[PDB]
Amino acid sequence: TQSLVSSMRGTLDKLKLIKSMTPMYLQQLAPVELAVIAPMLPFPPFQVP
Amino acid sequence: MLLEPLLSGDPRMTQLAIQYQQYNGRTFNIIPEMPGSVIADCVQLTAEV
């Protein structure tokens, strides 16, 4: 019954421009951590392409 | 509050501007000219000394 375009767009913009550094962590540091502990596991990795 | 609106984000790349858009798609922009600041200039002067 009321226009929500202005408020809907504002909320979406804030989520798009949030200062999260998880994406840069997953791309750079997470692979290194997984590679380091991999040879030490009791159950060695088992993967499919 | 002073500068709190700006610290809710990454301050390494800051700028200020505003715009609005018509229904046919035209846009109008306002980019204010940054004036000088005596305090920042004095701080740099102390750095040289």
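Residues numbered from 1 in each chain as written, not as in the entry; some residues may be left out. Chains lettered and ligands numbered in written order. Part of a larger assembly, values for the part shown. Heavy atoms only, no water.

This deposited entry lists cryo-EM as its structure determination method and 3.0 Å as its resolution.

## Brief notes about the pattern of salt bridges
Residue and element names in this part refer to chain B. Threshold: Throughout this description, the term salt bridge denotes a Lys or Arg side-chain nitrogen within 4 Å of a carboxyl oxygen of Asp or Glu. When accessible area is computed with a 1.4 Å probe and restricted to protein chains, residues below 20% of their type maximum are described as buried, those above 50% as exposed, and intermediate ones as partly exposed.
With the rule as written, the count across this model stands at one salt bridge over all chains. Across the pair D10 and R12 runs a salt bridge whose closest N-O atoms are separated by 3.0 Å. Given the relative accessible area of 44%, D10 is considered partly exposed.

## Looking at a nonpolar patch on the surface
Residues and elements named next belong to chain A. The following threshold applies: Like charges are joined within 9 Å and nonpolar side chains (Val, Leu, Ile, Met, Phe, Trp, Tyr) within 5 Å, but only among residues with over 30% relative accessible area and no salt bridge; these make up the patches. Here the open area of atoms and residues is found with the Shrake-Rupley method and a 1.4 Å probe, where only the protein chains shown may cover a residue. Each helix corresponds to a stretch of at least 4 residues labelled H or I by DSSP, and each strand to a stretch of at least 2 residues labelled E; elements are numbered beginning at the N terminus.
Among the surface-exposed residues, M21, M24, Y25, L26 and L29 lie close enough to one another that they form a single nonpolar patch of about 530 Å² accessible area. Here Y25 shows up in helix α2 (residues 22-37). For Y25, a relative accessible area of 34% gives the class partly exposed.

## Here's the deal with unusual backbone geometry
The backbone of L3 of chain B sits at a positive phi, close to 75°, despite the residue not being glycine. Along the chain, the position of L3 of chain B falls in the segment before α1 (4-7).

## Remarks on helix α1 (residues 5-16) of chain A
The test is simple: What a helix should span is 1.5 Å times the count of its residues minus one.
For α1 of chain A, which comprises 12 residues, the first-to-last C-alpha distance of 16 Å matches the rise-based estimate of 16 Å (1.5 Å per residue) to within 8%. α1 of chain A sits mainly on the outside: zero of its 12 residues count as buried.

## Quick word on the packing of aromatic side chains
Residue and element names in this part refer to chain B. Heads up, the condition is: Side-chain rings of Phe, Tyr and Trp (the six-membered ring for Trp) are treated as a pair once their centres are within 6.5 Å; stacked means planes under 30 degrees apart, edge-to-face means over 60, and tilted covers the remaining angles.
In this structure the tally under the stated criterion is one aromatic pair over all chains. Measuring from centroid to centroid gives 5.0 Å for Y20 and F28, while their planes differ by 20°, and the two rings are stacked. Given the relative accessible area of 49%, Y20 is considered partly exposed. Classification of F28 by relative accessible area gives partly exposed; the value is 32%.

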